[PDB]
Amino acid sequence: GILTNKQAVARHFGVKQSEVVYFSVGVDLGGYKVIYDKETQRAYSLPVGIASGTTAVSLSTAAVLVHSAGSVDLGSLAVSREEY
Amino acid sequence: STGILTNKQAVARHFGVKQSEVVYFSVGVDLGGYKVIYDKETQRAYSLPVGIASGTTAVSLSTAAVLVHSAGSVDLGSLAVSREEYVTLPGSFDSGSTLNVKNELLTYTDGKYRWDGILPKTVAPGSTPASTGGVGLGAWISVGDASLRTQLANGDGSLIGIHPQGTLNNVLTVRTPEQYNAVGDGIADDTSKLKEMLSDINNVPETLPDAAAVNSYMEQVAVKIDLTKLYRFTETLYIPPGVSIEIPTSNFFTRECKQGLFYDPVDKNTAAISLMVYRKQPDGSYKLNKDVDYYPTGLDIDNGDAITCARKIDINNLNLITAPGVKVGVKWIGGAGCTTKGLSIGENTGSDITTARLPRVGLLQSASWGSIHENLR
Amino acid sequence: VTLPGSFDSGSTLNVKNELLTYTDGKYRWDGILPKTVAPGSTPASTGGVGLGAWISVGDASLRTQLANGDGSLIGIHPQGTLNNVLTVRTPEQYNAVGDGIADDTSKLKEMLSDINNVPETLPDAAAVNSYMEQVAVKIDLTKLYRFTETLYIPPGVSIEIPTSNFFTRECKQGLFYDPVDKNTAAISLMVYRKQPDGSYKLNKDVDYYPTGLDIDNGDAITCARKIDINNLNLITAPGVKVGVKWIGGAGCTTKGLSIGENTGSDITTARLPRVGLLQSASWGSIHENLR
């Protein structure tokens with residue numbers, strides 16, 4: 001279920017299945033390349049350089065991700081990456 | 001197991017092919033009939049060339065996606081490039097990355113790029129395409145819409161083909177003040193823009209070491225200028241050598257000048273436009289004449305006291321209006337062999353001459369042997 | 001959906017959103033479906049590109065369309081497209097180097113040829129006279145082009161440079177004639193001479209000039225008209241016999257034609273010709289401010 005979705009998202013972005021993480025409060029974001037929002041059913045490339053130990057605080061409907069080390073508008077990152 | 005089947009589906013839906021058309025790479029697998037191949041180790045998929053005979057089996061698949069099979073070889077990365085089937089790597093030139101396949105793109109602040117050189121390619125953090133090989137064959141190649149927009153915006157027209165052959169940059173040779181964002185309403189002060197436009201053509205220093213120095217400036221590429229709007233300026237413009245000025249038509253007793261130059265200085269005891277003549281200094285150097293009343297004599301030209309820097313200047317329909325009270329319109333000094341057609345000075349503002357936009361003295365000329373003024377108004 | 005294969009392999013399109021990859025980008029079929037594409041096909045050989053046929057799709061296709069077009073994809077003000085206003089020609093369109101070092105001869109010749117390609121041999125009077133009834137085109141020379149064989153200007157040509165040389169020490173824009181055989185002319189208009197068999201051959205003899213009589217009795221036929229020169233700068237290697245042969249140019253006009261370079265004090269090494277200009281059979285010809 002979650003594993004097949006990870007496969008689908010991974011193939012869309014060209015990453016490994018293990019490089020996709022689902023958002024949840026407290027989830028560790030270190031090392032993942034793509035994050036998936038199970039509520040909106042949208043995926044986003046993660047900014048590079050998120051250290052192991054950095055956990056997710058919140059993810060808005062506008063794709064603003066707040067975590068331990070700060071925050072990132074995944075929407076803006078996706079635009080820069082032409083991922084629409 | 002069932003994971004393989006679901007993965008084939010994900011891949012199939014991505015490329016728009018059938019689930020049965022996806023094959024996993026493995027030494028010895030039959031490649032015949034399949035449309036897409038999947039590398040389970042790198043977890044990357046590639047469209048396969050059409051025409052693989054049935055019974056043809058896989059031999060090896062490199063991390064650069066070069067596939068060797070029983071009937072030959074094929075670079076799947078190159079094929080992917082031709083089919084615009086790309087993978088945008090995480091990160092960017094700023095973060096750094098390592099590319100292994102020809103169909104991998106790295107994001108830069110102005111668009112994406114693929115690497116056309118030797119693979120693998122390592123990009124250190126803080127890099128730019130420029131600092132890591134440059135753009136062009138065998139190096140970085142611009143890819144995608146965002147990259148095309150920025151290239152078009154920051155180029156010279158080389159991306160635009162024209163007839164019978166060649167590109168747009170090959171035929172764009174005229175300059176305009178609009179390239180420098182001049183307002184052209186005869187109200188805003190466009191002086192700095194006009195001066196930059198001229199400097200970009202022939203930038204001659206106001207002070208020069210010797211005669212050889214001043215003379216070198218008459219040996220530069222000449223450029224044509226097109227003035228289609230009205231430009232207000234407030235300091236004397238000095239036309240450098242190698243300049244052609246053009247305007248569609250010449251004014252003739254016009255009440256309201258709409259195209260050309262409008263000189264509106266604080267100090268009216270000056271000239272609107274002047275050619276360049278350098279005067280000898282005590283120390284032996286030369287300074288550009290900036291004195292309104294100065295004009296060089298034949299003697300000066302022989303004494304070395306004056307050196308002209310007015311040559312290869314052509315004027316076509318230049319209209320020059322001036323604020324009332326301005327002393328001189330045009331100082332045609334040292335312009336030997338320089339020519340003029342339809343030069344039109346002054347505006348027929350209205351009945352009262354004291355408020356008309358024309359100068360006290362229209363044109364003052366010296367040291368201009370061989371110059372021709374055709375239909376001067 | 002980008003179909004497997006390509007135009008090389010051939011394919012069959014069934015839906016409007018299917019793309020077929022070619023060497024310069026992708027295309028969708030805008031005509032009747034299904035559409036069969038035989039192996040070894042090209043968009044141009046299977047319907048052409050345009051409404052109702054192959055339609056270019058995607059960024060790769062856009063790049064090649066723009067790169068090989070005429071500017072018709074670029075809108076301009078107040079209306080129309082870029083190709084509607086691009087009328088001038090330049091040696092740069094033909095990749096001339098323009099440094100006055102490289103031999104740009106074939107490029108210049110190709111530029112002239114693309115305007116009016118006049119054969120050096122013609123059957124009769126009517127044939128040569130036809131080349132004077134062709135569309136005229138303006139040429140802009142903004143760099144310095146070295147060439148090594150006499151250039152023959154065909155009728156219907158306008159040549160301009162931003163300014164005219166004047167006792168110029170180092171020519172930067174114009175033509176520099178630098179041949180092996182210096183007993184030649186740098187530039188010449190076209191005059192055809194009658195042959196024993198009645199046919200006509202282009203004059204390529206440096207000393208030849210047609211007489212009024214020649215033109216009258218058909219011994220010579222001019223192919224020099226509708227030619228206008230504004231500011232052409234022509235310098236040449238020291239020792240070149242003639243700079244410009246203005247022969248048979250009736251009604252042809254010139255303004256600011258500037259011949260020769262003020263290279264240095266030694267006239268023996270100055271880049272100027274022995275004879276600047278030689279003119280005959282050019283009634284009604286006007287040279288304004290010739291240098």
Side-chain angles (χ1 to χ4, degrees), chain B residues 15-17 21 34-36 47-51 79 81-85 142-148 151-152 158-174 215-216 218-225 241-244 246 311-314 336-339 370 372 374, chain C residues 1-6 8-11 18-19 21 23 25-26 39 58-63 65-71 73-74 82-83 86-95 114 140 142-144 160-171 173 231 255-256 258 288-289 291:
Chain B
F15 286 88
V17 306
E21 284 165 341
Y34 297 104
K35 300 312 175 205
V36 174
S47 284
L48 283 162
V50 141
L79 177 62
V81 167
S82 86
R83 297 171 55 82
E84 301 172 84
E85 293 170 337
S142 294
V143 172
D145 195 71
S147 175
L148 179 59
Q151 271 185 277
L152 287 175
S158 57
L159 289 176
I160 313 303
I162 59 169
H163 277 5
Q165 64 174 262
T167 54
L168 179 58
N169 56 310
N170 299 155
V171 302
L172 292 189
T173 62
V174 190
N215 289 335
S216 70
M218 288 178 292
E219 306 296 329
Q220 301 304 337
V221 177
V223 178
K224 186 198 298 295
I225 299 178
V243 169
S244 182
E246 203 183 22
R311 182 159 301 166
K312 304 196 304 200
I313 293 173
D314 188 32
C338 294
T339 48
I372 315 301
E374 301 280 7
Chain C
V1 171
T2 301
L3 297 168
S6 61
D8 182 290
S9 68
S11 171
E18 279 168 345
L19 302 183
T21 311
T23 70
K26 303 178 185 179
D59 189 77
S61 260
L62 182 55
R63 295 173 178 261
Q65 253 189 300
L66 286 167
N68 298 282
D70 69 355
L73 295 176
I74 310 306
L82 181 59
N83 55 310
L86 292 181
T87 64
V88 89
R89 304 276 165 91
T90 193
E92 287 68 47
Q93 279 179 284
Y94 297 81
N95 307 124
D114 273 14
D140 225 294
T142 56
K143 318 267 233 80
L144 181 60
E160 67 177 348
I161 300 197
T163 62
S164 181
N165 280 165
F166 178 79
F167 282 84
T168 297
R169 306 280 293 162
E170 306 177 273
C171 182
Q173 302 169 288
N231 301 338
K255 168 189 187 188
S258 190
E288 302 278 7
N289 193 209
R291 297 109 182 265

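We name chains A, B, ... by the order of the sequence lines, and we start the count at 1 in each one. Worth knowing before you read on, the calculation uses all heavy atoms, side chains too, and leaves out hydrogens, waters and symmetry mates.
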Trainee: Could you pull out all residues at least two apart from C:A67 that satisfy side-chain contact (heavy atoms from CB on, under 4.5 Å)?
Mentor: none

Trainee: Non-hydrogen atoms of chain C under 4.5 Å away: do they reach the side chain of B:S142, the backbone, both or neither?
Mentor: both

Trainee: Where on C:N289 is there a heavy atom nearer than 4.5 Å to chain B: the side chain, the backbone, both, or neither?
Mentor: side chain

Trainee: Under 4.5 Å heavy-atom distance to chain C, tell me which part of B:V143 shows up: side chain, backbone, both or neither.
Mentor: backbone

Trainee: Measure B:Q151 against the heavy atoms of chain C and call it side chain, backbone, both or neither at under 4.5 Å.
Mentor: side chain

Trainee: Given a strict heavy-atom distance threshold of 4.5 Å, which part of B:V243 is in contact with chain C: side chain, backbone, both, or neither?
Mentor: backbone

Trainee: Could you look at B:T173 and say if it's the side chain, the backbone, both or neither that has a heavy atom under 4.5 Å from chain C?
Mentor: side chain

Trainee: Below 4.5 Å from any heavy atom of chain C, which atoms of B:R311 appear? Answer side chain, backbone, both or neither.
Mentor: side chain

Trainee: What part of C:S164 gets closer than 4.5 Å to chain B, counting heavy atoms only: side chain, backbone, both or neither?
Mentor: backbone

Trainee: Name the region of B:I162, side chain, backbone, both or neither, that has any atom closer than 4.5 Å to a heavy atom of chain C.
Mentor: both

Trainee: Below 4.5 Å, heavy-atom pairs only: which of B:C338, B:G51, B:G144 has the largest tally toward chain C?
Mentor: B:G144

Trainee: Can you say whether B:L168 sits under 4.5 Å from chain C via the side chain, the backbone, both, or neither, judging by heavy atoms?
Mentor: side chain

Trainee: Side chain from CB out, backbone as N, CA, C, O: work out which of these in C:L66 comes under 4.5 Å of a heavy atom of chain B, or both, or neither.
Mentor: both

Trainee: Checking heavy atoms, do the side chain of C:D8, its backbone, both or neither come under 4.5 Å from chain B?
Mentor: neither

